[PDB]
Amino acid sequence: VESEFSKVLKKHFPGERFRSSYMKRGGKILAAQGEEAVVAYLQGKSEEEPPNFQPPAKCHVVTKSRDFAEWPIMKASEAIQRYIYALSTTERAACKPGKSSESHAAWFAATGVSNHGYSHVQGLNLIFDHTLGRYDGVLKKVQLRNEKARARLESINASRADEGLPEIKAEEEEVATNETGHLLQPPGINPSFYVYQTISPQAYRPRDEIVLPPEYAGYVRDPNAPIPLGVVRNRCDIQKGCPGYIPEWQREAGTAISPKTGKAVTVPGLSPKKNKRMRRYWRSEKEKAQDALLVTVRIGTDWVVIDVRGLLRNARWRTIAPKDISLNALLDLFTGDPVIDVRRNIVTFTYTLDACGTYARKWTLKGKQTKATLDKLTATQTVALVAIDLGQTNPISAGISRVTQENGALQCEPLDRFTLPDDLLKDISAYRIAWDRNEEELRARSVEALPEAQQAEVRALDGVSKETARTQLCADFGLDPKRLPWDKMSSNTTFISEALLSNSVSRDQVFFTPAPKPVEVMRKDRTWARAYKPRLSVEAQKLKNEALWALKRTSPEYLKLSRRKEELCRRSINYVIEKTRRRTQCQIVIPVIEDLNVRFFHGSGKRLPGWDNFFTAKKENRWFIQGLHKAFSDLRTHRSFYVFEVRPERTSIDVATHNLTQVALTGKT
RNA sequence: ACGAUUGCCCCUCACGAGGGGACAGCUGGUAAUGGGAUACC
DNA sequence: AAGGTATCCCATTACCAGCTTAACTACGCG
DNA sequence: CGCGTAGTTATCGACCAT
């Protein structure tokens, strides 16, 4: 529904889009102080690109009064949500809870859902808007998909009409309702405590109802004082007893030998960095407790205390926090509406647009939108153009250019081609070894969860598995083991079959008729090993794999490795960005990446060819293509980078990056 | 002789600590992928 | 260019919806 | 009268290619 405010803005300010905060204030002035007084407010202050992004900052809950589920707001939110998601379409259209306290109570009575003693107009409006938003979102997404399919079919049908054969007439709308009007696959509830203004965090001051764990025994912190810096400036002055004492042998860089055991160990020494994070060490967990930044969030008779060291660290890293700063100043760097994660006890603050605001491009530019963007950015200054090509032998290959502009054209100086260093390649290898080791550790620890009898049964069979299959196969079909090469066995080789046919007993057991997913193919050696491995008893297998399932479900390791790979994918695009930026010596560097559809660029596991490695598990060899494609597409929004997804049409004319650049400088494929 | 308190990831360690790294994150509904076990032709 | 399929189990992602306030004013009460 | 708690009320503008 069109708004009156849009009219005055569109009528006076055609192309001067303003950020959300100015929009809110400007509407209030218009509604109160007449139509003419918003123009005087919005004439002075405008932005070319309004910061529409707030980075997140995460802290840790210290203690609560009772579990979040008990809290009335969490129960009221749960009761409201699961009632609205089970409505039909017609009931939802005629279900208006107003934004006032009076309409809230009218709603809770006309529908019969209860609020368990909690009514804050601001809090309820958040739950109501989010729930109505999710309900319409699960309907919007389907409708958008129907529109997109129709548009795509229609547009291709123009070419089909133009010179095509008789064309597809139509296709069927995909609905997102049930036959009775209800919502099929409706969204699930969200357990997010969306904090608001009347509840916003504020510096802890001691009230008797709030009682803290025994470590925070005396907590005093003047919220308006400047929180001191922890470390002394050169940490080699701390003496023996006090915590955080850097021993002598670790100050100087070099290599030396330990007293207990003799190994040559490189020590880099104290880091010669100017933005190095400082790590602090306390004598006990009580001294650590007295050095926290505690803030409270109170909503009623039940509170929650949060530790804000997380926001300080996240603020000192972006350098948006002076070296002396108070707790209240720290809190004013962020919005007063955190998002508590109740099932993980993590609170997510965000920065105010003033503290750290950037533009976030909604989409990566493609097709015919690169040349026109390059026409604009190059009118004034020169912009570097790093072209990235992903693969599996070489994770990234990069070619840096500097696309300058001559009158009515775009030049492209080729500047430098490089690949990511051996350090990042070692980390990719070490991540794949860690994954294999974890999998082997899990396997070896599922074995220990069996009783001693089945435990021995599995241990023995796994120990002799390959020998048993080899000897059983040779004896059954008479093949001599020495005559047949074993180590040169691959996934599709046919060495067993040729030895069989050289013996020529029959062709029945070997050739087979693959059911189409009529050609006849001799069954391969991987198939022979599988069909001849000694299977383990059905009861022992059920126990063993159930133990493995249990260990896997409650394993902290998979989160470690997924985070490890993600941070290694981002680390490998930051080197790329920093290298192009220090070489091209230009403010603006925009990566140009292939428009690869990542769904088919997943890798696979690999086993070294051989008979011994038919019965082992596949070493993990998945490709980082998906990781790095997302990391560049995330570079678009986090740091307002331009990104170019550009199809690499093949040509003769190092070749892969040139062609990405060549389809960038011109929209045509 | 200088520099950011918790947390998270990696590595070293004389267990005193040191070096490097990510920092847009939550939900939700679906869909794919990788791996593993088994059964059959 | 991995013979396919079918039951299960674990893990991770991708794609796409929803999200991630605050200025001003109004009472109740010590 | 000041301080703690809580109600009113403001806006959201979004691409290529099949």
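Residue indices run from 1 on each chain, following the sequence as it is written; they may not match the entry's numbering, and residues absent from the coordinates are omitted. Here the convention is simple: chains get letters from A, ligands get numbers from 1, in the order in which they are written. Side-chain descriptors were evaluated using all non-hydrogen atoms of the structure, hydrogens and water having been removed beforehand.

In the PDB archive, cryo-EM is given as the structure determination method for this entry, at a resolution of 3.05 Å.

Bringing the overall build of chain A into the picture now. Assigned secondary structure in chain A consists of 20 helices and 19 strands. Projected onto the principal axes, the alpha-carbon positions of chain A cover approximately 100 × 85 × 65 Å. Counting every position in chain A, which comprises 669 residues, the buried fraction comes to 35%. When the accessible surface of chain A is summed, it comes to about 41600 Å², and 52% of that surface belongs to carbon and sulfur atoms. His is not counted, nor are the chain ends, whereas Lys and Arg count as positive and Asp and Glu as negative. For charged residues, the charge sits on one atom: NZ in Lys, CZ in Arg, CG in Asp, CD in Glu. For chain A, the distance from the average site of its 105 positive side-chain charges to the average site of its 80 negative ones is 3 Å. Strands are runs of DSSP state E lasting at least 2 residues, helices are runs of H or I lasting at least 4, and numbering of each runs from the N terminus. Only protein chains enter the calculation, and the probe is 1.4 Å; a residue is then buried if its accessible area is under 20% of its type maximum, exposed if over 50%, and partly exposed in between. A 1.4 Å probe and the Shrake-Rupley method give the accessible areas. Residues count as covered only by the protein chains that appear here.

A single heavy atom is enough: if one lies within 4 Å of a molecule or strand, its residue is considered near that molecule or strand. Around DNA strand C lies a shell of 33 residues, among which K141, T335, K524, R553 and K630 are the nearest. When the atoms of DNA strand C within 4 Å of the protein are grouped by moiety, sugar and phosphate amount to 74% of the total. At the level of secondary structure, the elements contributing two or more residues to the surface near DNA strand C comprise helix 2 (20-33), helix 7 (121-163), helix 16 (525-532), helix 17 (538-553), helix 18 (557-584) and helix 19 (625-638). If you tally residues by element for the surface near DNA strand C, the top one is helix 7, at eight residues.

Around DNA strand D, the structure places 28 residues, and the nearest of them are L9, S101, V121, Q122 and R298. For DNA strand D, the backbone makes up 58% of the atoms found within 4 Å of the protein, where backbone means sugar plus phosphate. N or O atoms within 3.5 Å of each other form a polar contact, as long as, within protein, one can give a hydrogen and the other can take it, and as long as residues adjacent in sequence are counted only when both atoms are side-chain atoms. In this structure, a phosphate oxygen belonging to DNA strand D sits 3.2 Å away from a side-chain N or O atom of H120. In the model, a base nitrogen of DNA strand D is placed 3.0 Å from a nitrogen or oxygen of the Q122 side chain.

Once that is clear, we can look at the pairing of strand 5 (residues 264-267). For two strands to be treated as a pair, DSSP must find at least two bridges joining them. Note that strand 4 (residues 254-257) and strand 5 share four bridges and pair antiparallel. Directly across from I257, in strand 5, lies its bridge partner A264.

The seven strands are arranged 2-8-9-1-7-6-3 in an open sheet whose pairing can be described as antiparallel. Pairing within the sheet leaves two strands with one partner each, and these edge strands are strand 2 (192-194) and strand 3 (202-203). The pairing of strand 8 (residues 339-341) with strand 9 (residues 346-350) spans three bridges and is classified as antiparallel. Bridge pairing in strand 9 places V339 opposite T348.

Here we take up the sheet that holds strand 15 (residues 413-419). The strand order across the open sheet built from six strands is 10-19-18-11-12-15, with neighbouring strands paired in mixed fashion. Two strands lie at the open edges of the sheet, namely strand 10 (365-366) and strand 15, each paired on one side alone. The pairing of strand 10 with strand 19 (residues 644-646) spans two bridges and is classified as parallel. Opposite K366, over in strand 19, you have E645 as the bridge partner.

Next up on the list: unusual backbone geometry. One non-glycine residue, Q185, adopts positive backbone phi at about 40°. Checked against the element boundaries, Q185 lands in the loop between helix 7 and strand 2. Although it is not a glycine, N345 adopts a positive phi angle of roughly 60°.

For helix 11 (residues 369-378), the set of buried residues is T370, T373, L374, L377 and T378. Down the axis of helix 11, the smallest arc covering the buried residues is 120°, so these residues share one side. The arc in question is the one spanned by the directions pointing from the helix axis to the C-beta atoms.

This part covers the environment of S192. Looking at where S192 falls in the secondary structure, it is placed in strand 2. The contact criterion used is simple: two residues touch if any of their non-hydrogen atoms lie within 4.5 Å. Contacts of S192, omitting those with residues within four sequence positions, involve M74, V339 and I340.

This part takes up the nonpolar core. The criterion is simple. A nonpolar core is a set of buried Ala, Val, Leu, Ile, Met, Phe, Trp, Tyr and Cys residues joined through side-chain atoms within 4.5 Å. Membership of the largest hydrophobic core comes to 53 residues, with the highest contact counts inside it found for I73, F193, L330 and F334. Per-domain counts for this core show at least three residues from each of domain 2 (65-194) and domain 3 (204-263 + 282-350). With sequence-adjacent residues up to four places away left out, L330 is seen in contact with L293, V308, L311, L312, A315 and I325. Counting 28 residues, the second-largest nonpolar core is a separate cluster that includes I388, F418, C569 and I573. An automatic or database domain assignment provides the domain bounds reported here.

Mapped onto the secondary structure, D307 falls in strand 7 (residues 303-307). A distance of 2.8 Å separates a polar atom in the side chain of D307 from a polar atom in the side chain of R309. Not counting the four nearest positions on each side in its chain, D307 is found in contact with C59, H60, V62, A292, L293 and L294.

Before going further, it helps to examine the packing of aromatic side chains. Only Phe, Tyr and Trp rings take part, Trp by its six-membered ring, and two of them pair if their centres are within 6.5 Å. Stacked means planes under 30 degrees apart, edge-to-face means over 60, and tilted covers everything else. One pass over the full model with this rule turns up 19 aromatic pairs. Ring centres of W71 and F193 lie 5.5 Å apart, and the angle between their planes is 75°; this geometry places the pair in the edge-to-face category. Taken together, the positions of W71 in the loop between strand 1 (56-64) and helix 4 (72-84) and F193 in strand 2 put the pair 122 residues apart, joining distant regions of the chain. A relative accessible area of 0% means that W71 is categorised as buried. With centroids separated by 6.1 Å and ring planes inclined at 85°, the aromatic side chains of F334 and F349 adopt a geometry described as edge-to-face. Here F334 is found in the loop between helix 10 (327-332) and strand 8, whereas its partner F349 is found in strand 9, with 15 residues between them in sequence. Three or more aromatic residues link up through ring pairs in this structure, and these residues are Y83, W107, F108 and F128. When the ring centre of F68 is taken as origin, the NZ or CZ atom of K64, which lies over that ring, is 5.2 Å away. The rule is short: NZ of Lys or CZ of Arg within 6 Å of the ring centre and within 35 degrees of the ring normal puts a charge over the ring. Lying over the aromatic face of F418, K579 brings its terminal NZ or CZ to 4.4 Å of the ring centre.

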